[PDB]
Amino acid sequence: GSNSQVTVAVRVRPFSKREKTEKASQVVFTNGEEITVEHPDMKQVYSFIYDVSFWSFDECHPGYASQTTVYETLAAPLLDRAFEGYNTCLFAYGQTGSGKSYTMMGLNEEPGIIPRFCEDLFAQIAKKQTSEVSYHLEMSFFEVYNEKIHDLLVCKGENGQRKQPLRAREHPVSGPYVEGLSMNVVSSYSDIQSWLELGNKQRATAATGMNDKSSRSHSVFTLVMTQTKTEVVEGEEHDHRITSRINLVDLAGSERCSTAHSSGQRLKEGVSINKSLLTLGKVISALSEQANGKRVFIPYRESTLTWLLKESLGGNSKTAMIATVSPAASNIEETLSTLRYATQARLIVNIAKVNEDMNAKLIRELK
Amino acid sequence: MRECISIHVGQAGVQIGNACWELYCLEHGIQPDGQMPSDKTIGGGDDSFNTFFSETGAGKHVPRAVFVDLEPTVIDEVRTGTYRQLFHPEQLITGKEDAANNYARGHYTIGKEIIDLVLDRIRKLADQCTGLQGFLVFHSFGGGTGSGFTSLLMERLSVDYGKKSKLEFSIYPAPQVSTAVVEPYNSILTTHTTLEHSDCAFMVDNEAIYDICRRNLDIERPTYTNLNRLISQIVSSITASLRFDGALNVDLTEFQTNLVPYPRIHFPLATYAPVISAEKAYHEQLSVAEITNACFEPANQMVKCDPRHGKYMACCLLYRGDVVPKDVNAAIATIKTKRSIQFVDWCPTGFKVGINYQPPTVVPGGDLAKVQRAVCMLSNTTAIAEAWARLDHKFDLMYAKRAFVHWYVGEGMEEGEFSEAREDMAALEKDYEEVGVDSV
Amino acid sequence: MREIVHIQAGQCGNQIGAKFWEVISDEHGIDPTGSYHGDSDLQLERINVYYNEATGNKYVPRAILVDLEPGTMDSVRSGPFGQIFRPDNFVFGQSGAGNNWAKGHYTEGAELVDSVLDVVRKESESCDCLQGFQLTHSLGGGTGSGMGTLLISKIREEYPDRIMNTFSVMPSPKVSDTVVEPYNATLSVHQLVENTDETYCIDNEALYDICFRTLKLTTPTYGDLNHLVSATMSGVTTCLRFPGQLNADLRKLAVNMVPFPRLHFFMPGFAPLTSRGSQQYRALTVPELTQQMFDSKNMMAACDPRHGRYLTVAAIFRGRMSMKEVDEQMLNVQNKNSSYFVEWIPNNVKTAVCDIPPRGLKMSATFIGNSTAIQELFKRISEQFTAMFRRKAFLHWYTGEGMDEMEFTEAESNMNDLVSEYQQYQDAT
Ligand SMILES: CC(=O)O[C@H]1C(=O)[C@@]2(C)[C@H]([C@H](OC(=O)c3ccccc3)[C@]3(O)C[C@H](OC(=O)[C@H](O)[C@@H](NC(=O)c4ccccc4)c4ccccc4)C(C)=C1C3(C)C)[C@]1(OC(C)=O)CO[C@@H]1C[C@@H]2O
Ligand SMILES: Nc1nc2c(ncn2[C@@H]2O[C@H](COP(=O)(O)OP(=O)(O)OP(=O)(O)O)[C@@H](O)[C@H]2O)c(=O)[nH]1
Ligand SMILES: Nc1ncnc2c1ncn2[C@@H]1O[C@H](COP(=O)(O)OP(=O)(O)NP(=O)(O)O)[C@@H](O)[C@H]1O
Ligand SMILES: Nc1nc2c(ncn2[C@@H]2O[C@H](COP(=O)(O)OP(=O)(O)O)[C@@H](O)[C@H]2O)c(=O)[nH]1
Ligand SMILES: [Mg+2]
Ligand SMILES: [Mg+2]
């Protein structure tokens, strides 16, 4: 393997009914590809640079970045690396009502990165479905809710108390994993769609002040893609095997407990989300400081999300993130925090390698 | 209440049973007729502690023990002796011949027709127990009943009971001293069978006690009524935690863990440091530091095996009486500063402690002194391989010519059961070798 | 309105707790039958913290005793203060753990824990406003470790927004008392790190050194060692029971002391301690207490602060005092010994002063410290652990009770990762 950096992208969503009703001023502007922010105080205008910038604010202007465009700019390269045998990770970040549960999954009329990636992967595999390489796909779809793990592809029993919790455990080599996760086999995009629909029907959502359907649980969508390649060997064939993992992550939002006025369960889950995001920010800052040659420890273990995504934020995977921000003045502080974490995520690098899985058999040694 | 069952097998165990129950009855306050006037004057109590003595309504306390044999001539000293009115008349003693120093005769031939009756009277004593801790088996390698019947019985108990600790207190055959020309055969066949069932088999050698009685107690002409009181003190020092109050009480299950790293190396050695006559009971301080170092002194080991030719894997210390813990930690620190005491690298702790408040008593008519402190050291050493090899070499010399084999085949035994057993004895000697090797 | 549930586990906790109630009762004036024979009124103004009330103006403690060997529970009942406990709160069984963590966690403790918690729900739901919990147990054994950490894991899920202030005896460096202390301690820390909020680490080797060096005691028994720990368990919770100029509950300590959620392992202390003669040659004042408290010979942890750095410490004073004497002396420590303190925390000290001293002392003071030295209690176990695990020393006693090698490995990495979090602040910056 060799060093590769985390691909950071940004997306400015358009005004919503709330920012229109309580009429607010546009503050986010794109200077070509830079993203600029003109504070109402007018002390200065901040300017942030990113590997990619997307302007889905307008629906007319040259620069309109639609869902297919976001796909063909971010997700297709990860599919290339997955076919190359690398693990890949993509995760969303942002505050409430920024469009993280839209960019990734999308609506029934404007699908997101998840359906586009799955369909494109299956189609490329069918195109390349020669007798040389036999392909296999497995999937899982789990969530995190008040620091508890839940399986989304497991239909709840005949009760309300059915969110049967699992637990995380560290395999000494493969790293963290979830015990009891119903991995399911994937033939094609239709079955993927059915499973995903069942999952999103099971996921924890709720209405609030700043969203009618907000996600109160982090979501991880994992694919395991196995290529068993045929080769002319003097003995038994089909030893060449490449196993690659794709991990797509829809996180929850910051949510100050004033705008999104809540009480009880809404508040409790709002607190847990906030703590998870704090730990994530600490991890990102620590990896950025690692990239500058200092000595730092990464608090992976302070939360289940970072624990189960340890090998992706750093570790061994081609990683990318999509920051989501609103263009209004009422969300200026959260926009700036998100943009700062995004830009200091760019300095992260991770050592991704091809997962040959032939250590101490013959082939990694022959290499 | 926590309870233990004391099984006694053969002449070597019964004569130790008479010595143990002479001691247990004295400590708690029981007269040989089962009575305890202390509760008649006090108004009741658990002084007749239910771990070893069960109670009836007339004030009689019966011991939880069973006294098996095939000779009548040993038990009938009990049924006619001082303690006849203490033991249940069910002593399970066979009106037939003995095994004649034969494993095959005690294991199968005249071990059956008896075993079912022995296994029931054990069942009766266990159904009267509200939480059983384990067994305590007393036998001796060298005979048919202590080898055969003890290997028959421990097999049945691993089936019916299974999870209960099954401990052995065994007379190891000595290298030079011996009372039979076929001790090795009966000893190596035993370990082939008990090694899968027993959990910790403490070993003693009669030759070392003969020497311990000479140097320290100054007894040049001892008998078996002197060795066995000193063995009775080892058992009491073990079972005191279940009977009396203390600060650190070591139950049975804790010996089974700290001292047994791997399942097949459960062959530790015992000793007792303050073996002091009445005259030398004065002129001595008898501190924890003086008593503790003596437990490592090779002369005071109860098995003829130089520990300096090996390494200690685990060691359990059982203090008694006016013993303060700070004096113990000073001692165990002083032992780890020495270099004649070489531990394994995979047991940097090495030690365990137990402390009781009930001092040892003095059996009248004896030789031991009234000491206020006492220690029982239980050590797992790699040195004991040198004794296994010495026995195996005796086995290979006289087996090559198939000497004394027809007495075994004539009772039902295949020739290959020797060889199979021999292979088992040649493995264990490699396991004690491998585990004692320093890691990378 | 600020109540504490006290659980005791194993032989070490119960022989401490029996000494703990023999100390609090002498403070609040309760006698061994539960009756009141005190002098002042403050002893009863806040008796509701530890003790409940009963019919004839008696007072019963919120004490839940746990074990798997009845031998020690009986030793408490026959003692002087055994008669005040609630007999329905003596929960026990048989078939003791055998110094096996698995037995206390998985096999024998699983069949008894439901009987323990049902008692807790009674004592808890009878509270007007619960503050937290309090456990006294010993790592190194089975009962205190397996059945102890189990209750912690079950109680957090049931009562998550409260404090679990665990008092815990750690293994010693030099002389063991159980051969498999390392196997059990690695697994307990794997649970404590995630399911506790403040954990006071005590080592018996340093308690002996306190008693032999300072107190000049020649024959100290376990009844004397626990006479020190009870004194620390009582200072943490004084500004709840009695008034003062500057008060501090349990939560106030955890905030100021735990900057990151895993580093909640503390090094306690107590001042002033002297011999039965030397008190005529000392004078008690805030400086003379401050010196003992920051002296490495006074710590109960067997781990020298001077090989590390203090992240944040606490000093719970008791008696009529000047706050200038307190605020100034905690400052002088920081500016003199700054290298043993952190640069990225401006003030590394908090304070709390109660106005009601101990039964016979003009003043007293407690110390609590979070230190990077505490690695040394964890590297020892880890190095002891890997030397034993690398060859599977005493392992079949743990696998045969429903465990796998995977769990021993997890507990090592979590212990090793807790070490590194302390190391990254040890060095300068
Ligand atoms: C008046 C006087 O001079 O007697 C003191 C005394 O001389 C010294 C030696 C006491 C004494 O110290 C000890 O004897 C001792 C022995 C083993 C372990 C720990 C202590 C004292 O026994 C200890 C005892 O401590 C108390 O009374 C506190 O109230 C203490 N509670 C108990 O001691 C106690 C224990 C069981 C039953 C009843 C009371 C306490 C500690 C913390 C919080 C609240 C209360 C006191 C004052 C003294 C003696 C009696 C000599 C000191 O002890 C403590 C912990 O305070 C040692 O330094 C303090 C104060 C004095 O120096
Ligand atoms: N320590 C000790 N050993 C004894 C005693 N009596 C016999 N032995 C030992 O017993 C061994 C001989 O075998 P036995 O014990 O007599 O055989 P057994 O178990 O009685 O079986 P049988 O001889 O057939 O009755 C020798 O090593 C003796 O030292 C005794 O009173 N004390
Ligand atoms: N490019 C866009 N154009 C129009 N509407 C958009 C766009 N992006 C997002 N939205 C709107 O955003 C709303 C909520 O977006 P959503 O996907 O829930 O963001 P979110 O980050 O998932 N909120 P949360 O659940 O707290 O994470 C939807 O009702 C969409 O109509
Ligand atoms: N300080 C103190 N420690 C004790 C006491 N009794 C036992 N211990 C400690 O407990 C540890 C052994 O654990 P143990 O209590 O036996 O666990 P358990 O058998 O499962 O209850 C040892 O390290 C002892 O030092 C006591 O009275 N005081
Ligand atoms: Mg969402
Ligand atoms: Mg005989």
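Residue numbers (PDB author numbering), protein chains in the order written: chain K, -1 to 0, 391 to 755; chain E, 1 to 440; chain B, 1 to 429.
Backbone N, C-alpha and C define an ideal beta-carbon position, used for all residues, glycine too.
Length of the line joining the Cα atoms of residue i and residue j
| i | j | result |
| --- | --- | --- |
| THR130(E) | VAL76(B) | 21 Å |
| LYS379(B) | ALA648(K) | 47 Å |
| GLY29(B) | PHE20(B) | 14 Å |
| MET233(B) | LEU139(B) | 18 Å |
| residue 463(E) | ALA110(B) | This structure cannot speak to residue 463(E), because chain E is shown only from 1 to 440. |
| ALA126(E) | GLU383(B) | 43 Å |
| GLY148(E) | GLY321(E) | 39 Å |
| residue 460(E) | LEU227(E) | In the structure displayed, chain E extends from 1 to 440; residue 460(E) sits before or after that span and is not available. |
| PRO268(B) | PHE351(E) | 28 Å |
| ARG555(K) | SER673(K) | 27 Å |
| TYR432(E) | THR382(E) | 6 Å |
| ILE209(E) | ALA426(E) | 28 Å |
| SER124(B) | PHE317(B) | 29 Å |
| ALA278(E) | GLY416(E) | 54 Å |
Chain B contact for residue i (CB, 8 Å cutoff)
| i | result |
| --- | --- |
| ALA333(E) | yes |
| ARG629(K) | no |
| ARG555(K) | no |
| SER170(E) | no |
| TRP407(E) | no |
| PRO465(K) | no |
Residue from the options with nearest C-alpha to residue i
| i | options | result |
| --- | --- | --- |
| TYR108(E) | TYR83(E), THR150(E), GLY29(E), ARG320(E) | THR150(E) |
| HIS6(B) | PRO61(B), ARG162(B), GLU376(B) | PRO61(B) |
| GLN11(B) | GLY246(E), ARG221(E), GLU22(E) | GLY246(E) |
| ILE155(B) | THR72(B), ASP197(B), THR178(B), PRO243(B) | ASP197(B) |
| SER718(K) | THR484(K), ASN743(K), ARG557(K) | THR484(K) |
| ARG390(E) | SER54(E), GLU279(E), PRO184(E) | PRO184(E) |
| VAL250(E) | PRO298(E), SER236(E), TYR262(E), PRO263(E) | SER236(E) |
| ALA63(B) | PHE90(B), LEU42(B), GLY144(B) | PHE90(B) |
One or two residues paired with residue i in a DSSP bridge
| i | result |
| --- | --- |
| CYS200(E) | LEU167(E) |
| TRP407(E) | BP columns for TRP407(E) are empty, so no partner. |
| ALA65(E) | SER6(E) |
| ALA480(K) | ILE710(K) |
| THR351(B) | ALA315(B) |
| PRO61(B) | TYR51(B) |
Closer than 8 Å to chain K by CB, residue i
| i | result |
| --- | --- |
| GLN424(B) | yes |
| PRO261(B) | yes |
| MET164(B) | no |
| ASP417(B) | yes |
| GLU69(B) | no |
Ligand 8 heavy atom lying under 7 Å from the CB of residue i
| i | result |
| --- | --- |
| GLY71(B) | As far as ligands go, the structure on display features ligand 1, ligand 2, ligand 3, ligand 4, ligand 5 and ligand 6 and does not contain ligand 8. |
Minimum Cβ-Cβ distance from residue i to chain E less than 8 Å
| i | result |
| --- | --- |
| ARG77(B) | no |
| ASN48(B) | no |
| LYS174(B) | yes |
**Request:** Mind listing which residues have their beta carbon within less than 7 Å of any non-hydrogen atom of ligand 5? Chain order is fine.
**Result:** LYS488(K), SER489(K), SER602(K), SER603(K), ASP638(K), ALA640(K), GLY641(K)
**Request:** Would you list the residues whose beta-carbon is nearer than 5 Å to any heavy atom of ligand 6, in the order they occur in the chain?
**Result:** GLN11(E), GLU71(E), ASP98(E)
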